[PDB]
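**Q** Taken in sequence, the protein lines are chains C and A. FYI, the numbering for the first sequence is 626 to 635, going by the entry's author numbering. FYI, the numbering for the second sequence is 124 to 157, 218 to 420, going by the entry's author numbering. Ideal placement from N, C-alpha and C gives every residue a C-beta, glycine not left out. One structure, as structure tokens, below. Some questions next.
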Amino acid sequence: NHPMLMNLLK
Amino acid sequence: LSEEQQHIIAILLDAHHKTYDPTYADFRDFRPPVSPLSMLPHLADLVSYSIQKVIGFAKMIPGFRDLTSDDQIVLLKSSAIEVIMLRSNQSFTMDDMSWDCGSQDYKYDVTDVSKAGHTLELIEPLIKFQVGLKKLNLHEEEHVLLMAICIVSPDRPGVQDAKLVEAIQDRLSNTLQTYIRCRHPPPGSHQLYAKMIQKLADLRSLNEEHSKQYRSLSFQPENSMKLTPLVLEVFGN
Ligand SMILES: C[C@H](CCC(=O)O)[C@H]1CC[C@H]2[C@@H]3CC[C@@H]4C[C@H](CC(C)(C)O)CC[C@]4(C)[C@H]3CC[C@]12C
């Protein structure tokens, strides 16, 4: 449930 | 030091150089520094920015990108505050016990960091931890390996493939131990690996004390109001 972390990862 | 070990170290050095700026230029783009909560907005901005840089460093750790996105998320969530405290050692000066990102405007001492709704129960050990790390006089090669070993840790909560995380970590650990033997001058190398892992233990403890105070701080909406969306996603709502 971590959309901003997910975005900074990709 | 195999060819593989030399590659790991060179990749981690350049990753760090790409992701850490001790001139702290972008700190102009934060809410400006200024009650015992006057520094919370600025220092929430600094931590939020620094999390992005930790993720940058993390993605360049060899084998990291071979993890699932689930594992990557949980490793970063639990390690972020630790890696931020750890990498700050390069800007820390024992001259006056401050983090001195060049300018007085972006010079943080015990008075500054004490004004963001964290108590000295967190601040005093954080300053003593910096003094301890300065006293080990680490090579930057050892610095960046410790940051990677901090992040890729199979004992972190929520890890799915602990065996794969452990595998990455052993390769990093072996590289660090081999570096200390082949490259760190004795008797400075004596139990240096062990003193480094203790420093990781001091980061876990600082981490859990940061958690407790954040859990408190954040339960007060006037304070949560001054945080960032990224800080709320990473540390919790
Ligand atoms: C200035 C320095 C970095 C310099 C560099 O990168 O070179 C950094 C590194 C560690 C930082 C502390 C970590 C623990 C605290 C987290 C809360 C974050 C919050 C969301 C409010 O919980 C803000 C206040 C505290 C005390 C931070 C103050 C700034 C410090 C000392």
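#1: Would you kindly report the start and end of the unbroken alpha helix (DSSP H) that includes residue 353(A)?
#2: Note the first and the last residue of the continuous alpha helix (DSSP H) segment covering residue 254(A).
#3: Any Cβ of chain C within less than 7 Å of the Cβ of residue 416(A)?
#4: Quick one: complete beta strand (DSSP E) runs, 3+ long, within the segment 276-312 of chain A?
#5: Thinking C-beta only, is residue 269(A) closer than 7 Å to residue 339(A)?
#6: Hey, is residue 274(A) close to ligand 2, as in C-beta under 6 Å from one of its heavy atoms?
#7: Identify the contact partners of residue 235(A) in chain C, using a Cβ-Cβ distance below 8 Å as the criterion.
#8: With distance defined between alpha-carbon atoms, name the residue in 323(A), 317(A), 300(A), 254(A) nearest to residue 276(A).
#9: In the DSSP assignment, find the alpha helix (DSSP H) that holds residue 329(A) and state where it starts and stops.
#10: According to DSSP, is residue 408(A) part of a helix, a strand, or is it coil?
#11: Does the beta-carbon of residue 300(A) have 16 or more other beta-carbons within 10 angstroms, so that it is buried, or is it exposed?
**A** Let me lay it out:
#1: Residues 345-366.
#2: Counting along the chain, the alpha helix (DSSP H) containing residue 254(A) begins and ends at 252-270.
#3: For residue 416(A), a Cβ of chain C is located within less than 7 Å of the residue's own Cβ.
#4: Within the segment 276-312 of chain A, the runs of beta strand (DSSP E) that reach at least 3 residues and sit entirely inside it are, in chain order, 281-283.
#5: Their beta carbons are not under 7 Å apart, which means residue 339(A) does not touch residue 269(A) by this criterion.
#6: The model depicted lacks ligand 2 and carries ligand 1 instead.
#7: Result: 633.
#8: Residue 276(A) has its Cα closest to that of 317(A), out of 323(A), 317(A), 300(A), 254(A).
#9: Boundaries of the alpha helix (DSSP H) harbouring residue 329(A): 323-334, taken from the DSSP string.
#10: It is coil, neither helix nor strand.
#11: Residue 300(A) is classed as buried because its beta carbon has at least 16 other beta carbons within 10 Å across all chains shown.
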